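In what follows, a single structure is set out as structure tokens and then discussed.
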Amino acid sequence: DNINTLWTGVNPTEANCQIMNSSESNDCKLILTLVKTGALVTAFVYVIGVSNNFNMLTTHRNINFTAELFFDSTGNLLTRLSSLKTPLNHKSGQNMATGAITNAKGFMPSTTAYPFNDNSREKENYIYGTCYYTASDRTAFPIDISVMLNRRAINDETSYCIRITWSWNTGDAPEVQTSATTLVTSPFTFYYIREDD
Amino acid sequence: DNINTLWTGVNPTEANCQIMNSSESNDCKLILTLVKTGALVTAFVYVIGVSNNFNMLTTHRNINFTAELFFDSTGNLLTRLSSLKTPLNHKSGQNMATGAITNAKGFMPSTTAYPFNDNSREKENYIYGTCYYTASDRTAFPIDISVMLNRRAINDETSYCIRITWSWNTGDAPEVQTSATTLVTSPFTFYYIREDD
Amino acid sequence: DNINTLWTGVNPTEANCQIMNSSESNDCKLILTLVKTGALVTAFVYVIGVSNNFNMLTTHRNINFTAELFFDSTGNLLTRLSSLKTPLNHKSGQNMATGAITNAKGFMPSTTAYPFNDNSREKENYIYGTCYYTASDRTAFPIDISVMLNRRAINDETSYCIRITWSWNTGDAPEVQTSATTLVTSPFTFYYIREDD
Amino acid sequence: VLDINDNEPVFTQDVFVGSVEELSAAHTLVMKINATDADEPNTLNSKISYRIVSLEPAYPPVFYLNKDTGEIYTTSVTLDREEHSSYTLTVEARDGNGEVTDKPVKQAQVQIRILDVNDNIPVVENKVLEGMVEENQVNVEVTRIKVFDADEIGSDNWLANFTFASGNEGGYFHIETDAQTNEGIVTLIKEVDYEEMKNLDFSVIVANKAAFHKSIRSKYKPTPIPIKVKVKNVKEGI
Amino acid sequence: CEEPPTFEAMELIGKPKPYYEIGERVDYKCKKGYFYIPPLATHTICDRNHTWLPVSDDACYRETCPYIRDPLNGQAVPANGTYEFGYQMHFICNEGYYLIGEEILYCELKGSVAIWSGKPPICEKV
């Protein structure tokens, strides 16, 4: 009964997500897990920096970066448009399974609760929260997280959309030139009503 | 096997909850979902403003409104006492299922974890958190949520109680007279130990 | 089918955890629950003060206290070293069942997601959050919580480690000498990727 | 013949000394107290029971002395150096029953110094800051800025490091740090023409020389402190 | 029945009706600031006598304020011998001490919460 999970796998060997719009050759490792809990989906997301440009974000006092996941009518990730460049799959130990996804649609943000192209219900398409970044000196810097759910579809393929934006605006950078090692975000867990299977 | 959900449904057609005691008839739309997760229940709650008076609350600097839910011995909502005026039910698509509730009591807060009229354990009956309101300028205005669980009864029928108090008290209100469109709160998720089925 | 839960039990009759090593005669009551959610485990933790020296902490401006849980390779609590001095077990009503633990290993933090003795991934071993203390005047007091998952082993038996540090550092203490009654912290819920069964 | 508690444990030194860092976690070894005797070890009349006779200032209860081991730890009440810079302890050692009896036993002094950590953000006491620059003058103190910090006097946690938030892109002002009073000496290092009417106001941010402690980092909001600069109109002639 | 009874500490639920058929049941709710303790009933039924069956507001008890411990070198005492709101609490300093703060506190009902009119005082050595 692992078909209730849809994730990128625990610590994939190679980077699997392209976040920084200023670079190519996907530059980070986005660990994402979606768990079906009754009528909700628990989303458990964090990012591990790999490329030097990403890891250098910690040396700046004002950062923002977004992961955009677009899903077709069947809930399969659009690897061409999505920041994540590897399909999600079910739990198989600590790694992704191999095979067709069993009811991927059930993991997607519900169109009814979260609609497209509706300025009257726009405010219902936002979720907010906070995570933390652990510095070298063991300081937990707070990072604001904004999740936009399936509000606007860029193309025809996109049936569902999750946009997770990390941002921070602090006083002194969490790291200096000689101390930045990797930009790991503390896990962020949020909830959203899920589309019918 | 949708029996693990007890919710109001997704975006009910008509307003289903009356919060403002100063108003008559239903004034908002309370979306509440309870998921049975082993030894806990995950509660997922937010409000969609409907009435003009309720929506105008965004213009006032210091506001607080409480949704009261009272449940009898069998866990069925007491309509005449609770702010919500329509019983919860199991999941059926994006709407409420129709029929008797399969073990409603299981979704109710545990009396042992959360007692009644016990002054030595009062502190155990409180949960706190923060939700957010998406302002017209797309900024997140924070709102404080206080949840009080089955501490005090009101008649001979009330066996469990959930009081969800949204509030804020700031120098500037989230909106002004000309911008107030609708009052919707970002979903709030909390957990509580559940009474035995 | 309650095997999905592993908890201390609801409101144990007698103190079951010693946080302050400066004292003996276990000085607190730790309510900790772990529930499987697909590929994650949801942890639901709070503490009830029992001893006088513990309950007097609310009268102080600066406070920090840590609950340490060390679990062996089979997923069983090491009571000799752990702050929690009673084994965890499955849900049998509102109490702990008696017998062997069914797949304790499944509830342990994952070694792959959270490794041992690897500085390069140190930042992956931290989770953060906030709980609350309900004061005599009913004003919520924020308490910071830092959870460290299996970063360092103490002896050859420790296979998994969870250190939950509650702390606060403010200007005024939550209570005064003549008002402090008992230290009960609002439940704190966090998530972690779980080791394979 | 059975050994009896006819003597007392002998402290290895009259005045034990140690130190512990401020904001240290709970249960961190502050010191170890050593005392011995000449009786058969591991017996009722030879086991050494340590006990804190008294603690100055006795409040809050920030230290704990284990009777079986003699090692002094910190407790859940986290230390605060600014409240109490140092602690004195009158300790004693016993044997046999290990309890306090009518007969006194030799007592020792244990002095514990709290080591200061940078857990206080400097603040600018002066609310109205305004200099008066004399025209075309170089290497002249433009003004001074008062900075206060509650951390230990003279340490890197107390000295103020001044940085220019803005208004000095022209390389006109430089701020030195007077460590005698922890103040910022704003001096002018370039010539200014009043006819040019160079708008010389600027804005600076104040921070301690050492990096701020993890308890206050991530809570540091560097509010810019503006300073208005006036330039004298020297009457060269008409 | 033409009159559902009115009580000090318990209010009828819903809009009162001019007349209720024999057997109709009317339920009450403990008033804001009062809380229910079992096993007394909080409802009544209109009998054949056109009289509501006996029901009293003894089920609801008044909200109480937080407990206060005696000030150091002092003595707190419930002025009215209890902690329900609308009542007061008195403080006395021992022979060798004097009071520094408020002599008497008043426990008042703000909304649904009973709170003390200030913080407990302390006694200081003369």
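Here, A, B, ... name the chains of the structure tokens in the order displayed, residue numbers run from 1 inside each chain, and ligands are numbered from 1 in the same displayed order.
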Using only C-alpha atoms, find which residues of chain B lie within 8 Å of chain A and jot them down as a PDB file with N, CA, C and O atoms, in the first residue's frame.
ATOM      1  N   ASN B   2     -14.336   6.180   1.935  1.00  0.00           N
ATOM      2  CA  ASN B   2     -14.269   7.608   2.201  1.00  0.00           C
ATOM      3  C   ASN B   2     -14.670   7.940   3.630  1.00  0.00           C
ATOM      4  O   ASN B   2     -14.774   9.121   3.979  1.00  0.00           O
ATOM      5  N   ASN B   4     -13.151   7.997   6.277  1.00  0.00           N
ATOM      6  CA  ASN B   4     -12.123   8.639   7.082  1.00  0.00           C
ATOM      7  C   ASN B   4     -12.186  10.157   7.013  1.00  0.00           C
ATOM      8  O   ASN B   4     -11.343  10.822   7.623  1.00  0.00           O
ATOM      9  N   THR B   5     -13.151  10.717   6.291  1.00  0.00           N
ATOM     10  CA  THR B   5     -13.302  12.158   6.156  1.00  0.00           C
ATOM     11  C   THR B   5     -14.650  12.577   6.717  1.00  0.00           C
ATOM     12  O   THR B   5     -15.650  11.877   6.533  1.00  0.00           O
ATOM     13  N   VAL B  10     -16.836  20.859  -0.412  1.00  0.00           N
ATOM     14  CA  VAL B  10     -15.965  21.834  -1.055  1.00  0.00           C
ATOM     15  C   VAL B  10     -16.832  22.944  -1.628  1.00  0.00           C
ATOM     16  O   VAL B  10     -17.668  22.700  -2.505  1.00  0.00           O
ATOM     17  N   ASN B  11     -16.621  24.163  -1.140  1.00  0.00           N
ATOM     18  CA  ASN B  11     -17.341  25.341  -1.606  1.00  0.00           C
ATOM     19  C   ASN B  11     -18.834  25.058  -1.722  1.00  0.00           C
ATOM     20  O   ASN B  11     -19.359  24.951  -2.837  1.00  0.00           O
ATOM     21  N   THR B  33     -12.772  20.281   7.377  1.00  0.00           N
ATOM     22  CA  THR B  33     -12.515  18.892   7.026  1.00  0.00           C
ATOM     23  C   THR B  33     -11.751  18.224   8.158  1.00  0.00           C
ATOM     24  O   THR B  33     -10.712  18.729   8.592  1.00  0.00           O
ATOM     25  N   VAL B  35      -9.909  14.651   9.191  1.00  0.00           N
ATOM     26  CA  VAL B  35      -9.356  13.403   8.678  1.00  0.00           C
ATOM     27  C   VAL B  35      -8.858  12.578   9.852  1.00  0.00           C
ATOM     28  O   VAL B  35      -8.125  13.085  10.708  1.00  0.00           O
ATOM     29  N   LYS B  36      -9.250  11.310   9.882  1.00  0.00           N
ATOM     30  CA  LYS B  36      -8.840  10.396  10.937  1.00  0.00           C
ATOM     31  C   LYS B  36      -7.488   9.791  10.582  1.00  0.00           C
ATOM     32  O   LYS B  36      -7.395   8.970   9.664  1.00  0.00           O
ATOM     33  N   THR B  37      -6.437  10.195  11.304  1.00  0.00           N
ATOM     34  CA  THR B  37      -5.075   9.726  11.061  1.00  0.00           C
ATOM     35  C   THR B  37      -4.605   8.966  12.304  1.00  0.00           C
ATOM     36  O   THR B  37      -4.016   9.539  13.223  1.00  0.00           O
ATOM     37  N   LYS B  91     -16.960  12.033   2.733  1.00  0.00           N
ATOM     38  CA  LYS B  91     -16.603  12.554   1.422  1.00  0.00           C
ATOM     39  C   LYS B  91     -17.334  11.798   0.321  1.00  0.00           C
ATOM     40  O   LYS B  91     -17.413  10.565   0.339  1.00  0.00           O
ATOM     41  N   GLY B  93     -17.085  12.746  -3.689  1.00  0.00           N
ATOM     42  CA  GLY B  93     -16.622  13.733  -4.647  1.00  0.00           C
ATOM     43  C   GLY B  93     -16.202  14.995  -3.923  1.00  0.00           C
ATOM     44  O   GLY B  93     -15.456  14.951  -2.939  1.00  0.00           O
ATOM     45  N   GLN B  94     -16.679  16.136  -4.410  1.00  0.00           N
ATOM     46  CA  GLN B  94     -16.414  17.425  -3.787  1.00  0.00           C
ATOM     47  C   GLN B  94     -17.578  17.909  -2.936  1.00  0.00           C
ATOM     48  O   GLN B  94     -17.575  19.062  -2.496  1.00  0.00           O
ATOM     49  N   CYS B 131      -3.103  31.884  10.523  1.00  0.00           N
ATOM     50  CA  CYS B 131      -3.543  31.806   9.139  1.00  0.00           C
ATOM     51  C   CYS B 131      -3.232  33.138   8.472  1.00  0.00           C
ATOM     52  O   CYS B 131      -2.692  34.054   9.097  1.00  0.00           O
ATOM     53  N   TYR B 132      -3.576  33.259   7.196  1.00  0.00           N
ATOM     54  CA  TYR B 132      -3.235  34.447   6.434  1.00  0.00           C
ATOM     55  C   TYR B 132      -4.406  34.871   5.561  1.00  0.00           C
ATOM     56  O   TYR B 132      -5.217  34.053   5.121  1.00  0.00           O
ATOM     57  N   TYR B 133      -4.479  36.178   5.322  1.00  0.00           N
ATOM     58  CA  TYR B 133      -5.476  36.786   4.449  1.00  0.00           C
ATOM     59  C   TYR B 133      -4.747  37.431   3.281  1.00  0.00           C
ATOM     60  O   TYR B 133      -3.814  38.215   3.486  1.00  0.00           O
ATOM     61  N   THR B 134      -5.160  37.097   2.063  1.00  0.00           N
ATOM     62  CA  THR B 134      -4.517  37.638   0.873  1.00  0.00           C
ATOM     63  C   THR B 134      -5.134  38.989   0.545  1.00  0.00           C
ATOM     64  O   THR B 134      -6.247  39.059   0.015  1.00  0.00           O
ATOM     65  N   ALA B 140       0.333  39.222   2.425  1.00  0.00           N
ATOM     66  CA  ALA B 140      -0.255  38.288   3.376  1.00  0.00           C
ATOM     67  C   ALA B 140      -0.408  38.988   4.722  1.00  0.00           C
ATOM     68  O   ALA B 140       0.587  39.328   5.370  1.00  0.00           O
ATOM     69  N   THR B 182     -13.883  40.473  -0.613  1.00  0.00           N
ATOM     70  CA  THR B 182     -14.368  39.300   0.096  1.00  0.00           C
ATOM     71  C   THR B 182     -13.363  38.940   1.175  1.00  0.00           C
ATOM     72  O   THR B 182     -12.167  39.212   1.042  1.00  0.00           O
ATOM     73  N   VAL B 184     -11.702  35.934   2.956  1.00  0.00           N
ATOM     74  CA  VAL B 184     -11.371  34.517   2.981  1.00  0.00           C
ATOM     75  C   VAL B 184     -10.035  34.348   3.683  1.00  0.00           C
ATOM     76  O   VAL B 184      -9.101  35.131   3.484  1.00  0.00           O
ATOM     77  N   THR B 185      -9.949  33.313   4.508  1.00  0.00           N
ATOM     78  CA  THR B 185      -8.765  33.034   5.302  1.00  0.00           C
ATOM     79  C   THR B 185      -8.019  31.837   4.730  1.00  0.00           C
ATOM     80  O   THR B 185      -8.619  30.863   4.271  1.00  0.00           O
ATOM     81  N   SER B 186      -6.694  31.923   4.762  1.00  0.00           N
ATOM     82  CA  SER B 186      -5.872  30.811   4.330  1.00  0.00           C
ATOM     83  C   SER B 186      -6.145  29.600   5.213  1.00  0.00           C
ATOM     84  O   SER B 186      -6.375  29.740   6.416  1.00  0.00           O
ATOM     85  N   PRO B 187      -6.134  28.397   4.646  1.00  0.00           N
ATOM     86  CA  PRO B 187      -6.504  27.221   5.440  1.00  0.00           C
ATOM     87  C   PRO B 187      -5.624  27.071   6.670  1.00  0.00           C
ATOM     88  O   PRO B 187      -4.420  27.331   6.632  1.00  0.00           O
ATOM     89  N   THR B 189      -4.529  24.244   9.574  1.00  0.00           N
ATOM     90  CA  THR B 189      -4.479  22.823   9.877  1.00  0.00           C
ATOM     91  C   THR B 189      -3.946  22.631  11.287  1.00  0.00           C
ATOM     92  O   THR B 189      -2.871  23.139  11.623  1.00  0.00           O
TER      93      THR B 189
END
I need the contact residues of chain E against chain C, so if you could list those with any atom within 8 Å, counting only C-alpha atoms, and return them as a PDB file with C-alpha atoms, in the first residue's frame, that would help.
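Everything below was put into out_36.pdb:
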ATOM      1  CA  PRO E  66      -7.810  31.853  38.036  1.00  0.00           C
ATOM      2  CA  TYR E  67      -6.552  30.758  41.443  1.00  0.00           C
ATOM      3  CA  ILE E  68      -4.120  33.076  43.252  1.00  0.00           C
ATOM      4  CA  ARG E  69      -1.467  31.923  45.706  1.00  0.00           C
ATOM      5  CA  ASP E  70      -0.644  33.874  48.837  1.00  0.00           C
ATOM      6  CA  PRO E  71       1.917  36.652  48.238  1.00  0.00           C
ATOM      7  CA  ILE E 115     -10.421  37.884  34.849  1.00  0.00           C
ATOM      8  CA  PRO E 120      -1.716  40.173  42.767  1.00  0.00           C
TER       9      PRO E 120
END
Margin query: Give me, as an MDAnalysis selection string, the residues of chain A touching chain D, with the criterion being at most 9 Å (counting only C-alpha atoms).
Written below: chainID A and resid 137:142 170:174
Export N, CA, C and O atoms of the chosen residues as a compact mmCIF listing (two decimals), in the first residue's frame?
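The result, written out as out-v5.txt:
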# COMPACT_ATOMS: atom_id res chain seq x y z
N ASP A 137 26.70 28.70 11.74
CA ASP A 137 26.72 28.99 13.16
C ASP A 137 25.46 28.52 13.88
O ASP A 137 25.17 29.00 14.98
N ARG A 138 24.70 27.61 13.28
CA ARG A 138 23.50 27.04 13.90
C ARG A 138 22.46 28.12 14.20
O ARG A 138 21.88 28.15 15.28
N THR A 139 22.23 29.00 13.24
CA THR A 139 21.18 30.00 13.32
C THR A 139 20.07 29.63 12.34
O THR A 139 20.34 29.38 11.16
N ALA A 140 18.84 29.60 12.83
CA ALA A 140 17.68 29.25 12.01
C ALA A 140 17.09 30.53 11.43
O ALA A 140 16.42 31.29 12.13
N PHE A 141 17.33 30.76 10.14
CA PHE A 141 16.77 31.93 9.47
C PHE A 141 15.40 31.60 8.90
O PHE A 141 15.25 30.58 8.22
N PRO A 142 14.38 32.42 9.16
CA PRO A 142 13.03 32.10 8.67
C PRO A 142 12.88 32.48 7.20
O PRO A 142 13.33 33.53 6.76
N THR A 170 16.36 39.52 5.05
CA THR A 170 16.93 39.55 6.38
C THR A 170 17.88 40.74 6.50
O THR A 170 18.00 41.56 5.60
N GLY A 171 18.57 40.81 7.65
CA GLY A 171 19.48 41.91 7.89
C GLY A 171 20.91 41.61 7.51
O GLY A 171 21.54 42.41 6.81
N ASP A 172 21.44 40.47 7.95
CA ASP A 172 22.77 40.04 7.55
C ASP A 172 22.63 38.68 6.88
O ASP A 172 21.81 37.86 7.30
N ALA A 173 23.42 38.46 5.83
CA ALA A 173 23.29 37.23 5.07
C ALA A 173 23.52 36.03 5.98
O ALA A 173 24.37 36.09 6.88
N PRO A 174 22.78 34.94 5.79
CA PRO A 174 22.99 33.77 6.67
C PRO A 174 24.38 33.19 6.57
O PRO A 174 24.80 32.46 7.48
Next item on the list: Please return as a VMD selection string: the residues of chain E that backbone DSSP assigns to strand (DSSP E or B).
Entry: chain E and resid 10 to 12 25 to 30 34 to 36 43 to 46 52 60 to 62 64 74 to 78 84 87 to 93 97 to 99 104 to 110 113 to 116 123 to 125
How would the residues just chosen look if you wrote them out with C-alpha atoms as a CSV table (one decimal), in the first residue's frame?
chain,number,residue,atom,x,y,z
E,10,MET,CA,-29.9,30.1,31.4
E,11,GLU,CA,-31.5,31.4,28.2
E,12,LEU,CA,-34.0,29.8,25.9
E,25,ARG,CA,-40.1,20.4,24.1
E,26,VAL,CA,-38.1,23.5,24.6
E,27,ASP,CA,-34.3,23.4,25.3
E,28,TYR,CA,-32.2,26.0,27.0
E,29,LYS,CA,-28.6,27.0,26.9
E,30,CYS,CA,-26.5,28.2,29.8
E,34,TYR,CA,-22.0,30.2,32.8
E,35,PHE,CA,-21.0,26.6,32.3
E,36,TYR,CA,-23.0,23.4,32.6
E,43,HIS,CA,-34.9,21.4,29.0
E,44,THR,CA,-38.6,21.2,29.6
E,45,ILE,CA,-41.8,19.9,28.0
E,46,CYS,CA,-45.3,21.5,28.0
E,52,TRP,CA,-43.9,23.8,31.8
E,60,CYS,CA,-25.2,26.2,35.1
E,61,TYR,CA,-22.5,27.5,37.4
E,62,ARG,CA,-20.8,30.9,37.3
E,64,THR,CA,-14.5,31.4,38.0
E,74,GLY,CA,1.4,37.7,52.8
E,75,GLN,CA,-2.0,36.0,52.8
E,76,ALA,CA,-4.7,36.0,50.1
E,77,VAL,CA,-8.3,35.3,51.0
E,78,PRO,CA,-11.5,35.2,48.9
E,84,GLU,CA,-17.0,33.1,40.8
E,87,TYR,CA,-16.7,38.8,43.6
E,88,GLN,CA,-13.6,40.2,45.2
E,89,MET,CA,-10.3,38.9,46.7
E,90,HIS,CA,-8.5,40.5,49.7
E,91,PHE,CA,-4.8,40.6,50.5
E,92,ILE,CA,-3.3,41.0,54.0
E,93,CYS,CA,0.4,41.5,54.8
E,97,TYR,CA,5.5,43.6,56.2
E,98,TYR,CA,3.4,46.2,54.3
E,99,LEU,CA,1.3,46.0,51.2
E,104,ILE,CA,-8.5,44.2,46.8
E,105,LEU,CA,-8.9,42.6,43.4
E,106,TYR,CA,-12.3,42.3,41.6
E,107,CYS,CA,-12.9,39.3,39.3
E,108,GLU,CA,-15.1,40.5,36.5
E,109,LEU,CA,-16.6,38.8,33.4
E,110,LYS,CA,-15.2,40.1,30.2
E,113,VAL,CA,-13.8,34.9,30.5
E,114,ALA,CA,-13.6,35.9,34.2
E,115,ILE,CA,-10.4,37.9,34.8
E,116,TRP,CA,-8.9,39.6,37.9
E,123,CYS,CA,4.3,42.4,50.7
E,124,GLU,CA,7.6,44.2,51.5
E,125,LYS,CA,9.5,44.1,54.7
Checklist line | Neighbour list for residue 11 in chain D as a ChimeraX atom specification, cut-off 12 Å, only C-alpha atoms, skip fewer than 4 positions in-chain | finding: /D:15-16,32-37,48,50,70,91-94,105-110
Selected residues, N, CA, C and O atoms, written as an mmCIF file, in the first residue's frame, please.
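And here is the file that came out, out07.cif:
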data_model
loop_
_atom_site.group_PDB
_atom_site.id
_atom_site.type_symbol
_atom_site.label_atom_id
_atom_site.label_comp_id
_atom_site.auth_asym_id
_atom_site.auth_seq_id
_atom_site.Cartn_x
_atom_site.Cartn_y
_atom_site.Cartn_z
ATOM 1 N N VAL D 15 40.364 27.208 46.535
ATOM 2 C CA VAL D 15 39.471 27.991 45.689
ATOM 3 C C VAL D 15 39.478 27.375 44.297
ATOM 4 O O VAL D 15 40.405 27.613 43.511
ATOM 5 N N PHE D 16 38.447 26.591 43.987
ATOM 6 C CA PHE D 16 38.253 26.070 42.642
ATOM 7 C C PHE D 16 37.726 27.177 41.741
ATOM 8 O O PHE D 16 36.937 28.021 42.176
ATOM 9 N N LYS D 32 34.427 20.445 37.428
ATOM 10 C CA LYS D 32 34.492 19.219 38.214
ATOM 11 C C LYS D 32 35.199 19.530 39.520
ATOM 12 O O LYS D 32 36.292 20.105 39.514
ATOM 13 N N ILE D 33 34.582 19.152 40.634
ATOM 14 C CA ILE D 33 35.130 19.415 41.957
ATOM 15 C C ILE D 33 35.805 18.138 42.436
ATOM 16 O O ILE D 33 35.187 17.067 42.449
ATOM 17 N N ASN D 34 37.071 18.245 42.828
ATOM 18 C CA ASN D 34 37.870 17.090 43.214
ATOM 19 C C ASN D 34 38.203 17.138 44.699
ATOM 20 O O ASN D 34 38.603 18.179 45.228
ATOM 21 N N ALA D 35 38.029 15.999 45.364
ATOM 22 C CA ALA D 35 38.419 15.829 46.755
ATOM 23 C C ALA D 35 38.662 14.347 46.990
ATOM 24 O O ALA D 35 38.050 13.498 46.335
ATOM 25 N N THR D 36 39.558 14.040 47.923
ATOM 26 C CA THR D 36 39.975 12.662 48.146
ATOM 27 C C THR D 36 40.223 12.451 49.635
ATOM 28 O O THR D 36 40.105 13.377 50.443
ATOM 29 N N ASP D 37 40.567 11.217 49.992
ATOM 30 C CA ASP D 37 40.885 10.850 51.366
ATOM 31 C C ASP D 37 41.910 9.723 51.322
ATOM 32 O O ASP D 37 42.455 9.396 50.264
ATOM 33 N N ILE D 48 32.584 9.863 48.748
ATOM 34 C CA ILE D 48 32.538 11.302 48.978
ATOM 35 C C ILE D 48 31.211 11.833 48.456
ATOM 36 O O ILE D 48 30.890 11.678 47.274
ATOM 37 N N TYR D 50 29.306 15.182 47.790
ATOM 38 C CA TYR D 50 29.435 16.622 47.637
ATOM 39 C C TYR D 50 28.075 17.283 47.805
ATOM 40 O O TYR D 50 27.037 16.706 47.473
ATOM 41 N N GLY D 70 30.487 14.945 41.827
ATOM 42 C CA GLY D 70 31.179 16.185 42.105
ATOM 43 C C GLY D 70 31.354 17.106 40.919
ATOM 44 O O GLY D 70 32.172 18.030 40.994
ATOM 45 N N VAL D 91 30.877 25.188 48.925
ATOM 46 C CA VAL D 91 30.626 23.765 48.756
ATOM 47 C C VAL D 91 31.312 23.013 49.887
ATOM 48 O O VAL D 91 32.185 23.542 50.575
ATOM 49 N N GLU D 92 30.907 21.760 50.068
ATOM 50 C CA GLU D 92 31.464 20.915 51.112
ATOM 51 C C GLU D 92 31.459 19.468 50.645
ATOM 52 O O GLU D 92 30.724 19.090 49.730
ATOM 53 N N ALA D 93 32.296 18.660 51.289
ATOM 54 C CA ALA D 93 32.393 17.235 51.007
ATOM 55 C C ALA D 93 32.213 16.469 52.306
ATOM 56 O O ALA D 93 32.671 16.917 53.361
ATOM 57 N N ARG D 94 31.547 15.320 52.228
ATOM 58 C CA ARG D 94 31.266 14.492 53.392
ATOM 59 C C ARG D 94 31.371 13.022 53.002
ATOM 60 O O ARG D 94 31.633 12.679 51.846
ATOM 61 N N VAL D 105 32.062 20.462 58.498
ATOM 62 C CA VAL D 105 33.137 19.892 57.700
ATOM 63 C C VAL D 105 33.747 21.004 56.857
ATOM 64 O O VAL D 105 33.127 22.039 56.608
ATOM 65 N N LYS D 106 34.984 20.775 56.421
ATOM 66 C CA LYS D 106 35.712 21.798 55.684
ATOM 67 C C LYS D 106 34.943 22.199 54.432
ATOM 68 O O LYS D 106 34.434 21.346 53.699
ATOM 69 N N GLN D 107 34.866 23.504 54.190
ATOM 70 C CA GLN D 107 34.154 24.059 53.052
ATOM 71 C C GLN D 107 35.129 24.755 52.113
ATOM 72 O O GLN D 107 36.172 25.264 52.536
ATOM 73 N N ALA D 108 34.775 24.770 50.833
ATOM 74 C CA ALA D 108 35.605 25.346 49.788
ATOM 75 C C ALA D 108 34.800 26.363 48.993
ATOM 76 O O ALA D 108 33.567 26.321 48.951
ATOM 77 N N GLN D 109 35.521 27.285 48.362
ATOM 78 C CA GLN D 109 34.930 28.302 47.507
ATOM 79 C C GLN D 109 35.123 27.926 46.044
ATOM 80 O O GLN D 109 36.225 27.560 45.624
ATOM 81 N N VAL D 110 34.042 28.016 45.272
ATOM 82 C CA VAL D 110 34.055 27.747 43.840
ATOM 83 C C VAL D 110 33.552 29.007 43.151
ATOM 84 O O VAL D 110 32.395 29.399 43.337
#
Next item on the list: Quick one: everything within 7 Å of residue 161 in chain C, counting only C-alpha atoms, minus sequence neighbours fewer than 4 positions away in the same chain. Send it as an MDAnalysis selection string.
Entry: chainID C and resid 69:71 149:150
Checklist line | helix (DSSP H, G or I) call set, DSSP backbone run, range 29-104 of chain A, as a PyMOL selection string | finding: chain A and resi 52-59+104
Write out, as a CSV table (one decimal), in the first residue's frame, the residues just selected, with N, CA and C atoms.
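Contents of part.csv, as written:
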chain,number,residue,atom,x,y,z
A,52,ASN,N,26.8,25.8,-7.8
A,52,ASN,CA,27.4,26.8,-7.0
A,52,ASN,C,26.6,28.1,-7.0
A,53,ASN,N,25.9,28.5,-8.1
A,53,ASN,CA,25.1,29.7,-8.1
A,53,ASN,C,24.0,29.6,-7.1
A,54,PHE,N,23.3,28.4,-7.1
A,54,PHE,CA,22.2,28.3,-6.1
A,54,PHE,C,22.8,28.4,-4.7
A,55,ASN,N,23.8,27.6,-4.4
A,55,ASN,CA,24.4,27.6,-3.0
A,55,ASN,C,24.9,29.0,-2.6
A,56,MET,N,25.2,29.8,-3.6
A,56,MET,CA,25.6,31.2,-3.3
A,56,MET,C,24.5,32.1,-2.9
A,57,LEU,N,23.2,31.7,-3.1
A,57,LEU,CA,22.1,32.6,-2.7
A,57,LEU,C,22.2,32.9,-1.2
A,58,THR,N,22.7,32.1,-0.4
A,58,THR,CA,22.8,32.3,1.1
A,58,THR,C,23.7,33.5,1.4
A,59,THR,N,24.5,34.0,0.5
A,59,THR,CA,25.4,35.1,0.7
A,59,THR,C,24.7,36.5,0.4
A,104,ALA,N,-2.8,9.1,-10.4
A,104,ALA,CA,-2.1,10.3,-10.1
A,104,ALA,C,-3.0,11.5,-9.9
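Relative to CA of residue 43 in chain B, CA of residue 20 in chain B is found at 22.1 Å.
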